[PDB]
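Just one chain is shown here, as structure tokens, and it is the form deposited without pyridine-2,6-dicarboxylic acid.
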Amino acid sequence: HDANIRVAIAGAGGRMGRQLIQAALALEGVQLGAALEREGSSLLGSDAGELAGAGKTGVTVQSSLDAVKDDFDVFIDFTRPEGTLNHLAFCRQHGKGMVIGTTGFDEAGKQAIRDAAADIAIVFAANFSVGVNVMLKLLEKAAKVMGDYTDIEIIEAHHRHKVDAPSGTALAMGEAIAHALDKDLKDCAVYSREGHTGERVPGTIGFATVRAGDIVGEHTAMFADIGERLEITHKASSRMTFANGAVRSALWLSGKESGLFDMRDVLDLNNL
């Protein structure tokens, strides 16, 4: 954006890097610090933010943390677990704040992350969508209220390549509701309905899963009664959703250097 908190975007020609750039650009109060990328990169040294279209930006993609360690405040990393660990150890060093959206660490990789937080302020999360995280919070408000009277159904659609049903956001949704009811998902979940199934059992949570086309991700929780239903739906149209989520966090980091946070923290979902 150009503003009071400057940022460097790790995996610059990543599907993630491309979109974080636009967001960095876009969002008030952040400014594009640096735009690193792999050494073997073609996009190296040259650029700016022109995968985020956005023509000439004046910050040029790179390959050394040292080259630019001076050109940003918060390190946004959507990379591969390998890089993050390098990034990690560097940021701890120069006390650089990070925002890790990289996934797939083993226990050792997480621990490293928990550890750095000791010295470094870190937002580390598996879903940076702001809509998704709010929704999960809302679902749990709703359940406290209607949960016991209502039939609660969860319906998700994704593209034709998604490989496990239900999706994890969907389970996540099942679980917030379930937990709001002191109950247990595994106890009341029903993922299939085929043939004669008999009338719906009270208190169970049903899942319905649609797979088609190019659908990025659509999740609705229905709280149904006699005479009404309440529905809370999230639709993702692009990966941009994660992007603004991380950048927003990048901005939230400014001013902290305690340890370890997530989107509840950034979002304050917990006082909502």
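Sequential numbering from 1, following the sequence displayed. For the two forms, the rigid core is made up of the largest set of C-alpha atoms that agree within 1.5 Å on superposition.
Averaged over Cα atoms, the B-factor as recorded in the entry is higher for 243 to 251 than for the other of 210 to 218 and 243 to 251.
Of the two segments examined, 60 to 68 and 233 to 241, it is 60 to 68 that shows the higher average Cα temperature factor in the deposited entry.
Per the PDB entry, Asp73 shows the highest C-alpha temperature factor of the residues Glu140, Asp115, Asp73, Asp148. Residues shown: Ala35, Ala54, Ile226, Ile205. Highest C-alpha temperature factor in the entry: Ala54. Split the chain's modelled residues into thirds by C-alpha temperature factor. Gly95 is in the highest one.
The PDB entry assigns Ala23 a C-alpha temperature factor belonging to the highest third of its chain's modelled residues. Among all modelled residues in this chain, the alpha-carbon of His196 has a temperature factor (C-alpha) in the highest third.
Ranked within its chain, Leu269 lands in the middle third, by CA B factor from the PDB record. In the PDB entry, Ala157 places in the lowest third of its chain by CA B-factor.
Just so you know, the form deposited with pyridine-2,6-dicarboxylic acid bound exists too; it's not on screen, but the next bit is about it.
By the criterion of a heavy atom within 4.5 Å, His159 is counted among the residues contacting pyridine-2,6-dicarboxylic acid in the deposited complex.
pyridine-2,6-dicarboxylic acid is not shown here, but in the deposited complex it comes within 4.5 Å of a heavy atom of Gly168. With a 4.5 Å cutoff on heavy atoms, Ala126 counts as touching pyridine-2,6-dicarboxylic acid in the deposited complex.
Mapping the unseen interface onto this chain, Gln111 falls outside it, with no heavy atom inside 4.5 Å of pyridine-2,6-dicarboxylic acid in the deposited complex.
Residue-level contacts in the deposited complex: of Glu107, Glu194, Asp164, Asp182, one residue has a heavy atom within 4.5 Å of pyridine-2,6-dicarboxylic acid, and it is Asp164. Looking at pyridine-2,6-dicarboxylic acid in the deposited complex, residues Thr103, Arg239 and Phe242 each place a heavy atom within 4.5 Å of it.
The stretch in contact with pyridine-2,6-dicarboxylic acid in the deposited complex, judged by heavy atoms within 4.5 Å, is 126 to 134, chosen from 89 to 97, 143 to 151, 184 to 192, 126 to 134. Comparing the two forms between this form and the one not shown on the rigid core, the single residue of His159, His94, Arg114, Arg80 with a CA shift of 2 Å or greater is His159. Shown in the overlay between this form and the one not shown, fitted on the rigid core, is a CA shift at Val68 smaller than 2 Å. When two forms of a protein are overlaid on their rigid core, residues whose CA moves 2 Å or more are considered shifted, and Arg239 is not one of them between this form and the one not shown. Here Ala208 counts as shifted, since its C-alpha moves by at least 2 Å between this form and the one not shown after the core is aligned.
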